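Heads up: the structure comes next, in structure tokens.
What follows draws every value from the coordinates through simple rules; no lab data is involved.
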Amino acid sequence: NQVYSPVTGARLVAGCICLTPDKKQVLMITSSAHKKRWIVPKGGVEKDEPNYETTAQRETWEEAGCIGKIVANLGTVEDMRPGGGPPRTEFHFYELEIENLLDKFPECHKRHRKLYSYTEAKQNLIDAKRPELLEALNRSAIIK
Ligand SMILES: O=P(O)(O)O[C@H]1[C@H](OP(=O)(O)O)[C@@H](OP(=O)(O)O)[C@H](OP(=O)(O)O)[C@@H](OP(=O)(O)O)[C@H]1OP(=O)(O)O
Ligand SMILES: [Mg+2]
């Protein structure tokens, strides 16, 4: 039920850089694969979905119980990895303004969630070994 690139054959994923009204803090969730690594909400595009905004906002709700307004398109980043060969993932990110953070959401028992300063969020994605996600974060309007 997943969607792949007709060029690279890379898996199409969409996610959100969820920033507060003041643009000081960003919403991070713990990885499911590894419980101590901090990432941002994102997930596979599905066949029915008409655009990437739909995937982004769906995954943002499921993984982080975040509701908000998409204010910007941060373009794409790739999971370019060791050796040669095409990327495995093509990520489409959007900046979202956090309107509401719900206590309950589909994966609130599988993950932790917390607002971080730019400084600490940058360290977390390094620690998490996800510089593609840090690229996307740096494209946002976060204060540093
Ligand atoms: O759908 P899968 O084939 O299981 O893909 C998983 C899944 O990615 P998605 O969220 O995009 O589905 C993991 O994310 P979780 O939802 O389990 O958190 C992600 O782990 P991260 O949490 O680090 O993103 C992991 O990537 P990794 O290679 O780091 O294990 C990735 O595997 P793929 O390489 O097959 O995409
Ligand atoms: Mg996911």
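With the helix formula -39500 (n - 2.57) applied to DSSP H stretches of n ≥ 4, the chain reaches a computed 222 nm mean residue ellipticity of -6500 deg cm²/dmol.
If you take the square roots of the eigenvalues of the alpha-carbon gyration tensor of the stretch 27-73 and sort them as a ≥ b ≥ c, do you get rounded (a/c under 1.5), prolate (a/b over b/c) or oblate? Oblate. Share of pairwise Cα-Cα distances greater than 18 Å in the chain is 54 percent (whole percent).
Taking 20 Å as the straight-line reach from the Cα of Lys24, the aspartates and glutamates in range (excluding those fewer than 8 positions away in the same chain) are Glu95, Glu97, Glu99, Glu120, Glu135. Multiplying the residue separation of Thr8 and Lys35 by 0.36 nm and removing their Cα-Cα distance gives an extension gain of 6.7 nm.
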